[PDB]
$ cat input.pdb   # PDB, C-alpha atoms and all ligand atoms
MODEL        1
ATOM      1  CA  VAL A  55       0.000   0.000   0.000
ATOM      2  CA  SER A  56       0.922   3.676  -0.254
ATOM      3  CA  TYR A  57       0.772   5.509   3.060
ATOM      4  CA  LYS A  58       1.058   8.801   1.131
ATOM      5  CA  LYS A  59      -2.656   8.288   0.432
ATOM      6  CA  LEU A  60      -3.271   8.579   4.176
ATOM      7  CA  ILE A  61      -1.214  11.757   4.562
ATOM      8  CA  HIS A  62      -3.231  13.328   1.734
ATOM      9  CA  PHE A  63      -6.449  12.224   3.425
ATOM     10  CA  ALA A  64      -5.379  13.721   6.744
ATOM     11  CA  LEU A  65      -4.252  17.089   5.412
ATOM     12  CA  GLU A  66      -7.468  17.502   3.393
ATOM     13  CA  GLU A  67      -9.648  16.579   6.390
ATOM     14  CA  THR A  68      -7.721  18.942   8.677
ATOM     15  CA  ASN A  69      -8.365  21.828   6.281
ATOM     16  CA  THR A  70     -12.127  21.345   6.663
ATOM     17  CA  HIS A  71     -11.772  21.867  10.448
ATOM     18  CA  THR A  72      -9.179  24.682  10.430
ATOM     19  CA  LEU A  73      -6.544  26.174   8.123
ATOM     20  CA  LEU A  74      -3.090  24.633   8.154
ATOM     21  CA  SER A  75      -0.079  26.854   7.695
ATOM     22  CA  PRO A  76       3.442  25.732   6.729
ATOM     23  CA  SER A  77       5.803  24.918   9.566
ATOM     24  CA  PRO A  78       9.237  26.593   9.458
ATOM     25  CA  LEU A  79      10.587  23.032   9.587
ATOM     26  CA  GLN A  80       9.666  22.602   5.912
ATOM     27  CA  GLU A  81      12.777  24.623   4.968
ATOM     28  CA  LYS A  82      15.064  22.219   6.866
ATOM     29  CA  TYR A  83      13.261  18.827   6.554
ATOM     30  CA  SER A  84      11.662  17.885   3.239
ATOM     31  CA  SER A  85      13.533  15.168   1.344
ATOM     32  CA  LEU A  86      16.469  12.977   2.324
ATOM     33  CA  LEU A  87      18.070  10.020   0.552
ATOM     34  CA  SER A  88      19.515   7.075   2.418
ATOM     35  CA  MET A  89      23.304   6.721   2.321
ATOM     36  CA  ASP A  90      23.091   4.015  -0.371
ATOM     37  CA  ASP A  91      20.719   6.265  -2.392
ATOM     38  CA  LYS A  92      18.051   3.516  -2.690
ATOM     39  CA  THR A  93      15.516   4.865  -0.158
ATOM     40  CA  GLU A  94      13.840   8.269   0.063
ATOM     41  CA  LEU A  95      12.549   9.844   3.264
ATOM     42  CA  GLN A  96       9.790  12.395   2.624
ATOM     43  CA  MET A  97       8.891  14.906   5.331
ATOM     44  CA  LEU A  98       6.027  17.389   5.656
ATOM     45  CA  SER A  99       5.160  19.773   8.464
ATOM     46  CA  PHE A 100       2.350  22.187   9.297
ATOM     47  CA  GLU A 101       0.788  24.091  12.156
ATOM     48  CA  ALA A 102      -2.662  25.490  12.946
ATOM     49  CA  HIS A 103      -4.311  27.627  15.611
ATOM     50  CA  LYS A 104      -4.539  24.741  18.106
ATOM     51  CA  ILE A 105      -1.803  22.502  16.613
ATOM     52  CA  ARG A 106       1.811  23.216  17.537
ATOM     53  CA  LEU A 107       3.077  20.732  14.934
ATOM     54  CA  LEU A 108       1.512  18.353  12.435
ATOM     55  CA  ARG A 109       4.289  16.364  10.789
ATOM     56  CA  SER A 110       4.756  13.262   8.661
ATOM     57  CA  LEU A 111       7.698  11.093   7.678
ATOM     58  CA  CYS A 112       7.018   8.701   4.813
ATOM     59  CA  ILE A 113       9.566   6.129   3.657
ATOM     60  CA  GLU A 114       9.269   3.984   0.536
ATOM     61  CA  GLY A 115      12.001   1.479  -0.254
ATOM     62  CA  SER A 116      12.639  -0.405  -3.473
ATOM     63  CA  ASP A 117      12.699  -3.528  -1.247
ATOM     64  CA  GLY A 118       9.084  -3.475  -0.016
ATOM     65  CA  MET A 119       9.655  -1.341   3.085
ATOM     66  CA  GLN A 120       6.931   1.251   3.659
ATOM     67  CA  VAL A 121       6.923   3.449   6.768
ATOM     68  CA  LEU A 122       4.555   6.129   8.074
ATOM     69  CA  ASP A 123       5.160   8.288  11.151
ATOM     70  CA  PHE A 124       2.319  10.825  11.356
ATOM     71  CA  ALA A 125       1.640  12.850  14.519
ATOM     72  CA  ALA A 126      -0.315  15.897  15.676
ATOM     73  CA  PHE A 127       1.111  17.777  18.668
ATOM     74  CA  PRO A 128      -1.204  20.365  20.290
ATOM     75  CA  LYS A 129      -0.203  23.734  21.625
ATOM     76  CA  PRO A 130       0.044  23.515  25.437
ATOM     77  CA  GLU A 131      -3.086  25.671  25.841
ATOM     78  CA  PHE A 132      -5.159  22.823  24.310
ATOM     79  CA  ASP A 133      -4.895  19.655  26.401
ATOM     80  CA  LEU A 134      -5.851  17.427  23.442
ATOM     81  CA  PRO A 135      -4.535  13.895  23.046
ATOM     82  CA  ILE A 136      -1.576  13.507  20.705
ATOM     83  CA  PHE A 137      -2.610  11.814  17.464
ATOM     84  CA  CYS A 138      -0.137   9.023  16.722
ATOM     85  CA  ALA A 139       0.193   6.737  13.668
ATOM     86  CA  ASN A 140       3.370   4.631  13.394
ATOM     87  CA  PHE A 141       3.167   1.999  10.641
ATOM     88  CA  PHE A 142       6.156  -0.212   9.852
ATOM     89  CA  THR A 143       5.543  -2.406   6.802
ATOM     90  CA  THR A 144       7.653  -4.869   4.823
ATOM     91  CA  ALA A 145       6.781  -7.211   1.967
ATOM     92  CA  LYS A 146       5.031  -9.572   4.375
ATOM     93  CA  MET A 147       4.769  -8.040   7.846
ATOM     94  CA  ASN A 148       3.112  -5.035   9.484
ATOM     95  CA  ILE A 149       3.903  -3.629  12.951
ATOM     96  CA  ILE A 150       1.360  -0.954  13.797
ATOM     97  CA  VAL A 151       0.592   1.586  16.518
ATOM     98  CA  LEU A 152      -2.438   3.857  15.989
ATOM     99  CA  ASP A 153      -3.717   5.913  18.910
ATOM    100  CA  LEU A 154      -4.947   9.136  20.450
ATOM    101  CA  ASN A 155      -2.136   9.167  23.061
ATOM    102  CA  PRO A 156      -3.357  10.793  26.317
ATOM    103  CA  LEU A 157      -1.564  13.982  27.279
ATOM    104  CA  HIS A 158      -2.121  13.287  30.988
ATOM    105  CA  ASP A 159      -2.124  10.081  33.002
ATOM    106  CA  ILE A 160      -5.261   7.964  32.601
ATOM    107  CA  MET A 161      -4.158   5.148  34.945
ATOM    108  CA  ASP A 162      -4.461   6.577  38.471
ATOM    109  CA  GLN A 163      -6.867   9.506  37.941
ATOM    110  CA  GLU A 164     -10.188   9.512  36.096
ATOM    111  CA  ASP A 165     -10.963  13.092  34.985
ATOM    112  CA  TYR A 166      -8.896  13.252  31.770
ATOM    113  CA  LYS A 167      -9.871   9.719  30.714
ATOM    114  CA  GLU A 168     -13.590  10.506  30.986
ATOM    115  CA  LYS A 169     -13.121  13.902  29.323
ATOM    116  CA  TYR A 170     -11.696  12.422  26.126
ATOM    117  CA  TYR A 171     -12.349   8.673  25.790
ATOM    118  CA  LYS A 172     -15.813   8.038  27.269
ATOM    119  CA  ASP A 173     -17.456   8.461  23.853
ATOM    120  CA  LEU A 174     -14.699   6.654  21.891
ATOM    121  CA  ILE A 175     -14.842   3.224  23.586
ATOM    122  CA  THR A 176     -17.134   1.900  20.824
ATOM    123  CA  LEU A 177     -14.628   3.074  18.202
ATOM    124  CA  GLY A 178     -11.809   1.200  19.935
ATOM    125  CA  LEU A 179     -14.024  -1.879  20.212
ATOM    126  CA  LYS A 180     -14.765  -1.826  16.463
ATOM    127  CA  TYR A 181     -11.122  -2.171  15.446
ATOM    128  CA  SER A 182      -9.810  -4.220  18.377
ATOM    129  CA  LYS A 183     -11.873  -7.053  16.886
ATOM    130  CA  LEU A 184     -10.474  -6.593  13.354
ATOM    131  CA  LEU A 185      -6.829  -5.733  14.234
ATOM    132  CA  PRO A 186      -5.845  -8.050  17.100
ATOM    133  CA  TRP A 187      -3.595  -7.192  20.037
ATOM    134  CA  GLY A 188       0.044  -7.318  18.917
ATOM    135  CA  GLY A 189       1.218  -9.255  21.993
ATOM    136  CA  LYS A 190       3.856  -8.490  24.596
ATOM    137  CA  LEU A 191       5.443  -5.043  24.298
ATOM    138  CA  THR A 192       7.758  -2.661  26.160
ATOM    139  CA  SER A 193       5.954  -2.138  29.483
ATOM    140  CA  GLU A 194       6.885   1.564  29.729
ATOM    141  CA  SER A 195       5.074   2.173  26.409
ATOM    142  CA  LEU A 196       1.694   1.551  28.083
ATOM    143  CA  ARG A 197       2.237   4.708  30.177
ATOM    144  CA  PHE A 198       1.515   6.589  26.932
ATOM    145  CA  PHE A 199      -1.317   4.584  25.320
ATOM    146  CA  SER A 200      -5.067   5.234  25.516
ATOM    147  CA  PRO A 201      -7.793   2.599  26.057
ATOM    148  CA  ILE A 202      -8.557   2.673  22.310
ATOM    149  CA  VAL A 203      -4.960   2.054  21.173
ATOM    150  CA  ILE A 204      -4.516  -0.173  18.150
ATOM    151  CA  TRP A 205      -1.289  -2.112  18.748
ATOM    152  CA  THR A 206      -1.172  -4.907  16.198
ATOM    153  CA  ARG A 207       0.981  -7.133  14.013
ATOM    154  CA  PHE A 208      -0.362  -8.730  10.849
ATOM    155  CA  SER A 209       0.716 -10.228   7.539
ATOM    156  CA  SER A 210       0.209  -8.108   4.449
ATOM    157  CA  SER A 211      -2.977  -8.605   2.444
ATOM    158  CA  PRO A 212      -5.475  -6.378   0.624
ATOM    159  CA  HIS A 213      -8.052  -6.956   3.368
ATOM    160  CA  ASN A 214      -5.719  -6.139   6.271
ATOM    161  CA  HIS A 215      -4.417  -2.978   4.622
ATOM    162  CA  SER A 216      -7.972  -1.923   3.756
ATOM    163  CA  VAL A 217      -8.896  -2.309   7.439
ATOM    164  CA  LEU A 218      -5.802  -0.358   8.503
ATOM    165  CA  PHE A 219      -6.714   2.504   6.168
ATOM    166  CA  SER A 220     -10.294   2.606   7.490
ATOM    167  CA  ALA A 221      -8.956   2.678  11.074
ATOM    168  CA  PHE A 222      -6.529   5.549  10.393
ATOM    169  CA  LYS A 223      -9.337   7.604   8.843
ATOM    170  CA  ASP A 224     -11.868   6.827  11.603
ATOM    171  CA  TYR A 225      -9.315   7.578  14.346
ATOM    172  CA  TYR A 226      -8.105  10.785  12.694
ATOM    173  CA  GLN A 227     -11.673  12.049  12.200
ATOM    174  CA  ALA A 228     -12.378  11.279  15.870
ATOM    175  CA  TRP A 229      -9.314  13.339  16.839
ATOM    176  CA  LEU A 230     -10.434  16.248  14.641
ATOM    177  CA  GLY A 231     -13.792  16.136  16.430
ATOM    178  CA  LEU A 232     -11.952  16.445  19.741
ATOM    179  CA  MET A 233     -10.015  19.390  18.296
ATOM    180  CA  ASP A 234     -13.324  21.134  17.412
ATOM    181  CA  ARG A 235     -14.358  21.012  21.080
ATOM    182  CA  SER A 236     -10.968  21.973  22.560
ATOM    183  CA  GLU A 237     -11.168  25.292  24.392
ATOM    184  CA  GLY A 238      -7.977  27.093  25.311
ATOM    185  CA  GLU A 239      -6.685  26.908  28.868
ATOM    186  CA  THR A 240      -6.429  30.281  30.611
ATOM    187  CA  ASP A 241      -4.727  29.222  33.878
ATOM    188  CA  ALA A 242      -0.952  29.671  33.622
ATOM    189  CA  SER A 243      -0.078  26.806  35.975
ATOM    190  CA  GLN A 244      -2.248  24.392  33.995
ATOM    191  CA  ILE A 245      -0.604  25.444  30.725
ATOM    192  CA  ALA A 246       2.784  24.718  32.320
ATOM    193  CA  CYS A 247       1.531  21.308  33.451
ATOM    194  CA  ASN A 248       0.279  20.526  29.936
ATOM    195  CA  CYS A 249       3.617  21.661  28.522
ATOM    196  CA  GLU A 250       5.678  19.453  30.847
ATOM    197  CA  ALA A 251       3.434  16.482  30.023
ATOM    198  CA  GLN A 252       4.108  17.013  26.308
ATOM    199  CA  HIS A 253       7.851  17.546  26.889
ATOM    200  CA  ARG A 254       8.050  14.313  28.903
ATOM    201  CA  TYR A 255       6.288  12.468  26.057
ATOM    202  CA  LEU A 256       8.644  13.906  23.415
ATOM    203  CA  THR A 257      11.617  13.093  25.625
ATOM    204  CA  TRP A 258      10.583   9.448  26.019
ATOM    205  CA  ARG A 259       9.969   8.941  22.299
ATOM    206  CA  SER A 260      13.063  10.774  21.114
ATOM    207  CA  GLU A 261      15.164   8.450  23.314
ATOM    208  CA  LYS A 262      13.391   5.076  22.955
ATOM    209  CA  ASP A 263      11.019   4.909  19.932
ATOM    210  CA  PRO A 264      11.637   1.558  18.171
ATOM    211  CA  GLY A 265      12.111   3.133  14.725
ATOM    212  CA  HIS A 266      15.387   4.877  15.601
ATOM    213  CA  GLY A 267      17.531   1.889  14.616
ATOM    214  CA  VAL A 268      16.040   1.813  11.127
ATOM    215  CA  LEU A 269      16.589   5.564  10.703
ATOM    216  CA  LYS A 270      20.220   5.184  11.835
ATOM    217  CA  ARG A 271      20.812   2.458   9.236
ATOM    218  CA  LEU A 272      19.270   4.574   6.459
ATOM    219  CA  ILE A 273      20.861   8.003   6.970
ATOM    220  CA  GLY A 274      23.544   7.409   9.626
ATOM    221  CA  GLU A 275      23.631   8.176  13.332
ATOM    222  CA  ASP A 276      24.280  11.934  13.112
ATOM    223  CA  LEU A 277      21.462  12.865  10.714
ATOM    224  CA  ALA A 278      19.105  10.352  12.342
ATOM    225  CA  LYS A 279      19.562  12.000  15.756
ATOM    226  CA  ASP A 280      18.963  15.363  14.089
ATOM    227  CA  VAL A 281      15.735  14.211  12.383
ATOM    228  CA  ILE A 282      14.549  12.553  15.599
ATOM    229  CA  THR A 283      15.097  15.449  18.007
ATOM    230  CA  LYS A 284      14.494  18.435  15.695
ATOM    231  CA  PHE A 285      11.724  17.093  13.422
ATOM    232  CA  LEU A 286       9.862  13.979  14.627
ATOM    233  CA  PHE A 287       9.904  15.046  18.273
ATOM    234  CA  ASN A 288      10.546  18.733  17.727
ATOM    235  CA  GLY A 289       9.998  20.424  21.072
ATOM    236  CA  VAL A 290      12.225  18.118  23.110
ATOM    237  CA  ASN A 291      14.737  20.996  23.026
ATOM    238  CA  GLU A 292      12.336  23.931  23.424
ATOM    239  CA  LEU A 293       9.457  22.891  25.709
ATOM    240  CA  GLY A 294      11.516  21.985  28.791
ATOM    241  CA  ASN A 295      14.947  21.525  30.341
ATOM    242  CA  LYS A 296      14.594  18.109  32.011
ATOM    243  CA  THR A 297      16.588  15.221  30.541
ATOM    244  CA  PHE A 298      15.397  11.694  29.825
ATOM    245  CA  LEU A 299      17.065  10.603  33.081
ATOM    246  CA  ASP A 300      15.276  13.377  35.002
ATOM    247  CA  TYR A 301      11.933  11.863  33.950
ATOM    248  CA  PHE A 302      12.953   8.174  33.972
ATOM    249  CA  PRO A 303      15.711   7.694  36.592
ATOM    250  CA  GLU A 304      15.274   3.894  36.425
ATOM    251  CA  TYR A 305      17.344   4.061  33.207
ATOM    252  CA  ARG A 306      20.390   5.681  34.855
ATOM    253  CA  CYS A 307      23.359   3.340  34.448
ATOM    254  CA  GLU A 308      26.175   2.877  36.958
ATOM    255  CA  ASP A 309      28.255   5.263  34.816
ATOM    256  CA  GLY A 310      25.493   7.887  34.588
ATOM    257  CA  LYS A 311      24.562   7.079  30.980
ATOM    258  CA  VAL A 312      21.146   5.986  29.709
ATOM    259  CA  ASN A 313      20.666   2.220  29.928
ATOM    260  CA  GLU A 314      20.850   0.578  26.488
ATOM    261  CA  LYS A 315      17.720  -1.460  27.246
ATOM    262  CA  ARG A 316      14.532  -0.187  25.651
ATOM    263  CA  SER A 317      12.544  -1.493  28.647
ATOM    264  CA  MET A 318      13.805  -1.568  32.237
ATOM    265  CA  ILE A 319      10.718  -3.590  33.258
ATOM    266  CA  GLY A 320      10.701  -5.972  30.287
ATOM    267  CA  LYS A 321       8.015  -6.688  27.699
ATOM    268  CA  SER A 322       4.631  -7.623  29.157
ATOM    269  CA  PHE A 323       0.852  -7.576  28.491
ATOM    270  CA  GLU A 324       0.456 -10.596  26.258
ATOM    271  CA  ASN A 325      -3.275  -9.791  26.202
ATOM    272  CA  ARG A 326      -4.959  -6.429  25.712
ATOM    273  CA  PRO A 327      -4.890  -4.754  29.158
ATOM    274  CA  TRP A 328      -8.245  -2.958  28.730
ATOM    275  CA  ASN A 329     -11.607  -4.702  28.799
ATOM    276  CA  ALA A 330     -14.465  -4.095  26.351
ATOM    277  CA  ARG A 331     -15.621  -1.044  28.334
ATOM    278  CA  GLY A 332     -12.149   0.535  28.293
ATOM    279  CA  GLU A 333     -11.306  -0.214  31.936
ATOM    280  CA  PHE A 334      -7.673  -1.070  32.661
ATOM    281  CA  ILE A 335      -7.210  -4.671  33.849
ATOM    282  CA  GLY A 336      -3.539  -5.247  32.929
ATOM    283  CA  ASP A 337      -1.872  -8.531  33.887
ATOM    284  CA  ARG A 338       1.119  -9.652  31.761
TER     285      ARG A 338
HETATM  286  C1  LIG B   1       4.962   6.319  23.177
HETATM  287  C2  LIG B   1       4.720   5.870  21.923
HETATM  288  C3  LIG B   1       5.086   4.678  21.074
HETATM  289  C4  LIG B   1       4.925   4.205  19.777
HETATM  290  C5  LIG B   1       4.411   4.935  18.549
HETATM  291  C6  LIG B   1       5.658   2.806  19.616
HETATM  292  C7  LIG B   1       5.683   1.822  18.631
HETATM  293  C8  LIG B   1       6.266   0.404  18.562
HETATM  294  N1  LIG B   1       7.053  -0.061  17.468
HETATM  295  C9  LIG B   1       7.421  -1.401  17.674
HETATM  296  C10 LIG B   1       8.281  -2.221  16.726
HETATM  297  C11 LIG B   1       9.054  -1.885  15.627
HETATM  298  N2  LIG B   1       9.006  -0.570  14.963
HETATM  299  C12 LIG B   1       9.872  -0.596  13.950
HETATM  300  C13 LIG B   1      10.224   0.469  12.927
HETATM  301  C14 LIG B   1       9.696   1.728  12.829
HETATM  302  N3  LIG B   1       8.627   2.097  13.668
HETATM  303  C15 LIG B   1       8.179   3.424  13.476
HETATM  304  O1  LIG B   1       7.252   3.812  14.169
HETATM  305  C16 LIG B   1       9.072   4.003  12.371
HETATM  306  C17 LIG B   1       8.844   5.454  11.929
HETATM  307  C18 LIG B   1       9.964   3.001  11.989
HETATM  308  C19 LIG B   1      11.017   3.123  10.946
HETATM  309  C20 LIG B   1      11.796   4.145  10.529
HETATM  310  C21 LIG B   1      10.593  -1.927  13.835
HETATM  311  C22 LIG B   1      11.626  -2.149  12.747
HETATM  312  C23 LIG B   1      10.104  -2.730  14.849
HETATM  313  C24 LIG B   1      10.416  -4.171  15.273
HETATM  314  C25 LIG B   1      11.780  -4.336  15.915
HETATM  315  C26 LIG B   1      11.930  -3.681  17.358
HETATM  316  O2  LIG B   1      11.036  -3.987  18.136
HETATM  317  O3  LIG B   1      12.928  -2.986  17.427
HETATM  318  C27 LIG B   1       6.841  -1.823  18.950
HETATM  319  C28 LIG B   1       7.055  -3.248  19.536
HETATM  320  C29 LIG B   1       8.406  -3.309  20.198
HETATM  321  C30 LIG B   1       8.304  -2.884  21.708
HETATM  322  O4  LIG B   1       7.465  -3.517  22.280
HETATM  323  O5  LIG B   1       9.077  -2.024  22.011
HETATM  324  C31 LIG B   1       6.118  -0.674  19.497
HETATM  325  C32 LIG B   1       5.314  -0.567  20.795
HETATM  326  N4  LIG B   1       5.955   2.473  20.957
HETATM  327  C33 LIG B   1       5.807   3.575  21.853
HETATM  328  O6  LIG B   1       6.250   3.540  22.989
HETATM  329 CL    CL B   2       9.918  -8.731  16.765
HETATM  330 MG    MG B   3      23.666  10.205  -1.336
ENDMDL
END
$ encode --input "input.pdb" --output "C-alpha cells" --more "lines below"
Ligand SMILES: C=CC1=C(C)/C(=C/c2[nH]c(/C=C3N=C(/C=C4\NC(=O)C(C)=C4C=C)C(C)=C\3CCC(=O)O)c(CCC(=O)O)c2C)NC1=O
Ligand SMILES: [Cl-]
Ligand SMILES: [Mg+2]
Amino acid sequence: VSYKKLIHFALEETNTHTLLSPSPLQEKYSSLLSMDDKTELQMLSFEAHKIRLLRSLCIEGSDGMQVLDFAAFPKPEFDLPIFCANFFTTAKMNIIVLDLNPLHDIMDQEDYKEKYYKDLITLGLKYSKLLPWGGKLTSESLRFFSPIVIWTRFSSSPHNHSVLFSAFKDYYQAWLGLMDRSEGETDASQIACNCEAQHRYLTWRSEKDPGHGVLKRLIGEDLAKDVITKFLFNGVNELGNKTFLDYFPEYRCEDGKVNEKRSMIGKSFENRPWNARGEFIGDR
C-alpha cells in the first residue's frame, strides 16, 4: 500500500476543520536520501491555531519497506490527546501503533480519561476485533497509550491494509472532532503542566522509539539523531529543560549514561490490558 494516500487524506480533512499553515521546519526537513541512495525519506510539516506541529515522515524502499510516522502535537493551551500513527511495513509483515495518546495520566486519575475517551470506547471496540492485540510489548510504552490504542501485528494482504486505512481515517476524524471542542486553557499553571506532560512524552519517544535503529541504518547516526530530536519530536529541546534521566531515573546506568535497554521492566501484556468497556485490567 501507499501511506502517502493517508497523509493526503489527513491534510485535506484537517483543512475542513481549520486552516493549516506551513511549519518553518519545511525549509530544513523535506527530502532525504539514504546513504546508499536507494531509499527516500519524505517529510512534511504544518501548524494550525490549536496545533503546535503536524508532521509526517514517509519512507518507501525499493525492497518493499513502507513506513509512516504521522503525529499531531497540540499547543500547550489545548490539552488534546496527541494523534499518533506509526506503521512499519515490509513485503510480508506489518507492525502498527495507531492511537490518540493521552496527554495526561489515565491510569491513576479519572478526569482526563472521561473527558476524552468516554465516547470513543465503541470506536476502539470496532477495530480491536479486526486488528488483534500485537502481543507483549515494552511495558513503559503503556504509560503513553489510551484505552482505544490499536497495537497490532499482521501479515500483508489487501483486506488487512484496507482495514488499517479505514482505522486511520476513523481515528483521525475522531481526533479532529476532539479538536473542534478543545477550548484554550487560561490558567498559567495548567498550561505549564500541559507543557511538561508534552515535553516528557517527546523526551521518552526521542530516546526510545523503536524506529530509531532503522533511521540510523538509512541516513547514519548523526542525521538520524537530528531528524529525531528536531523534526519527529521537535519540542524536546524547546518545551523543557529536564533530561530523559530526570523523567525516567530507572534508566540511569552505573556510569550515569542511559541504559541501552529499551525497557527496564521488560516486555509484558500478552493480552490487551483494557476490557471491552475501556477499563484497565492489565496482567502480563
Ligand atoms: C509512546 C509511543 C510509542 C509508539 C508509537 C511505539 C511503537 C512500537 N514499534 C514497535 C516495533 C518496531 N518498529 C519498527 C520500525 C519503525 N517504527 C516506526 O514507528 C518508524 C517510523 C519506523 C522506521 C523508521 C521496527 C523495525 C520494529 C520491530 C523491531 C523492534 O522492536 O525494534 C513496537 C514493539 C516493540 C516494543 O514492544 O518495544 C512498538 C510498541 N511504541 C511507543 O512507545
Ligand atoms: Cl519482533
Ligand atoms: Mg547520497
$ closest_atom_pairs --input "input.pdb" --of "chain A" --to "ligand MG 3 (chain B)" --cutoff "6 Å" --atoms "only C-alpha atoms and all ligand atoms" --output "JSON lines"
{"residue": "A:87", "atom": "CA", "partner": "B:MG3", "partner_atom": "MG", "distance": 5.9}
{"residue": "A:89", "atom": "CA", "partner": "B:MG3", "partner_atom": "MG", "distance": 5.1}
{"residue": "A:91", "atom": "CA", "partner": "B:MG3", "partner_atom": "MG", "distance": 5.0}
$ residues_near_point --input "input.pdb" --point "(2.4, 19.4, 7.0)" --cutoff "7 Å" --atoms "all atoms listed in the file" --output "ChimeraX atom specification"
/A:76-77,98-100,108-110
$ atom_distance --input "input.pdb" --atom1 "CA of residue 145 (chain A)" --atom2 "CA of residue 85 (chain A)"
23.4 Å
$ closest_residue --input "input.pdb" --among "A:319, A:307, A:202, A:149" --to "ligand CL 2 (chain B)" --atoms "all atoms listed in the file"
A:149
$ residues_around --input "input.pdb" --residues "residue 73 (chain A)" --least-positions-apart "6" --cutoff "9 Å" --atoms "all atoms listed in the file" --output "MDAnalysis selection string"
chainID A and resid 101:103
$ resolve_selection --input "input.pdb" --expression "the PyMOL selection byres (((chain A and resi 321) around 12) and not hetatm)" --output "ChimeraX atom specification"
/A:188-196,315-320,322-325,337-338
$ residues_near_point --input "input.pdb" --point "(0.0, 5.9, 13.4)" --cutoff "8 Å" --atoms "only C-alpha atoms" --output "count of residues only"
14
$ atom_distance --input "input.pdb" --atom1 "CA of residue 199 (chain A)" --atom2 "CA of residue 83 (chain A)"
27.7 Å
$ atom_distance --input "input.pdb" --atom1 "CA of residue 302 (chain A)" --atom2 "CA of residue 259 (chain A)"
12.1 Å
$ residues_around --input "input.pdb" --residues "residue 181 (chain A)" --least-positions-apart "5" --cutoff "9 Å" --atoms "all atoms listed in the file" --output "ChimeraX atom specification"
/A:186,202,204,217-218,221
$ closest_residue --input "input.pdb" --among "A:86, A:95, A:61, A:136" --to "residue 119 (chain A)" --atoms "only C-alpha atoms"
A:95
$ resolve_selection --input "input.pdb" --expression "the PyMOL selection byres (((chain A and resi 167) around 12) and not hetatm)" --output "VMD selection string"
chain A and resid 133 to 135 154 to 166 168 to 175 199 to 202 332 to 334
$ write_last_selection --input "input.pdb" --atoms "C-alpha atoms" --output "PDB file, in the frame of the given file"
ATOM      1  CA  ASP A 133      -4.895  19.655  26.401  1.00  0.00           C
ATOM      2  CA  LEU A 134      -5.851  17.427  23.442  1.00  0.00           C
ATOM      3  CA  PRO A 135      -4.535  13.895  23.046  1.00  0.00           C
ATOM      4  CA  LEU A 154      -4.947   9.136  20.450  1.00  0.00           C
ATOM      5  CA  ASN A 155      -2.136   9.167  23.061  1.00  0.00           C
ATOM      6  CA  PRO A 156      -3.357  10.793  26.317  1.00  0.00           C
ATOM      7  CA  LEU A 157      -1.564  13.982  27.279  1.00  0.00           C
ATOM      8  CA  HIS A 158      -2.121  13.287  30.988  1.00  0.00           C
ATOM      9  CA  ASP A 159      -2.124  10.081  33.002  1.00  0.00           C
ATOM     10  CA  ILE A 160      -5.261   7.964  32.601  1.00  0.00           C
ATOM     11  CA  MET A 161      -4.158   5.148  34.945  1.00  0.00           C
ATOM     12  CA  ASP A 162      -4.461   6.577  38.471  1.00  0.00           C
ATOM     13  CA  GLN A 163      -6.867   9.506  37.941  1.00  0.00           C
ATOM     14  CA  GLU A 164     -10.188   9.512  36.096  1.00  0.00           C
ATOM     15  CA  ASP A 165     -10.963  13.092  34.985  1.00  0.00           C
ATOM     16  CA  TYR A 166      -8.896  13.252  31.770  1.00  0.00           C
ATOM     17  CA  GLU A 168     -13.590  10.506  30.986  1.00  0.00           C
ATOM     18  CA  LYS A 169     -13.121  13.902  29.323  1.00  0.00           C
ATOM     19  CA  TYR A 170     -11.696  12.422  26.126  1.00  0.00           C
ATOM     20  CA  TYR A 171     -12.349   8.673  25.790  1.00  0.00           C
ATOM     21  CA  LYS A 172     -15.813   8.038  27.269  1.00  0.00           C
ATOM     22  CA  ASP A 173     -17.456   8.461  23.853  1.00  0.00           C
ATOM     23  CA  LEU A 174     -14.699   6.654  21.891  1.00  0.00           C
ATOM     24  CA  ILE A 175     -14.842   3.224  23.586  1.00  0.00           C
ATOM     25  CA  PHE A 199      -1.317   4.584  25.320  1.00  0.00           C
ATOM     26  CA  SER A 200      -5.067   5.234  25.516  1.00  0.00           C
ATOM     27  CA  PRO A 201      -7.793   2.599  26.057  1.00  0.00           C
ATOM     28  CA  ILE A 202      -8.557   2.673  22.310  1.00  0.00           C
ATOM     29  CA  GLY A 332     -12.149   0.535  28.293  1.00  0.00           C
ATOM     30  CA  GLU A 333     -11.306  -0.214  31.936  1.00  0.00           C
ATOM     31  CA  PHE A 334      -7.673  -1.070  32.661  1.00  0.00           C
TER      32      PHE A 334
END
$ closest_residue --input "input.pdb" --among "A:273, A:228, A:251, A:111" --to "ligand LIG 1 (chain B)" --atoms "all atoms listed in the file"
A:111
$ axis_aligned_box --input "input.pdb" --around "ligand LIG 1 (chain B)" --padding-each-side "3 Å" --output "JSON"
{"center_x": 8.7, "center_y": 1.0, "center_z": 16.9, "size_x": 14.5, "size_y": 16.7, "size_z": 18.6}
$ residues_around --input "input.pdb" --residues "residue 294 (chain A)" --least-positions-apart "4" --cutoff "8 Å" --atoms "only C-alpha atoms" --output "number ranges by chain"
A: 249-250, 253, 290
$ residues_around --input "input.pdb" --residues "residue 130 (chain A)" --least-positions-apart "5" --cutoff "10 Å" --atoms "only C-alpha atoms" --output "VMD selection string"
chain A and resid 104 to 106 157 238 to 239 244 to 253 293
$ resolve_selection --input "input.pdb" --expression "the PyMOL selection byres (((chain A and resi 147) around 12) and not hetatm)" --output "list in words"
residues 118, 119, 120, 121, 141, 142, 143, 144, 145, 146, 148, 149, 150, 206, 207, 208, 209, 210, 211, 214 and 215 of chain A
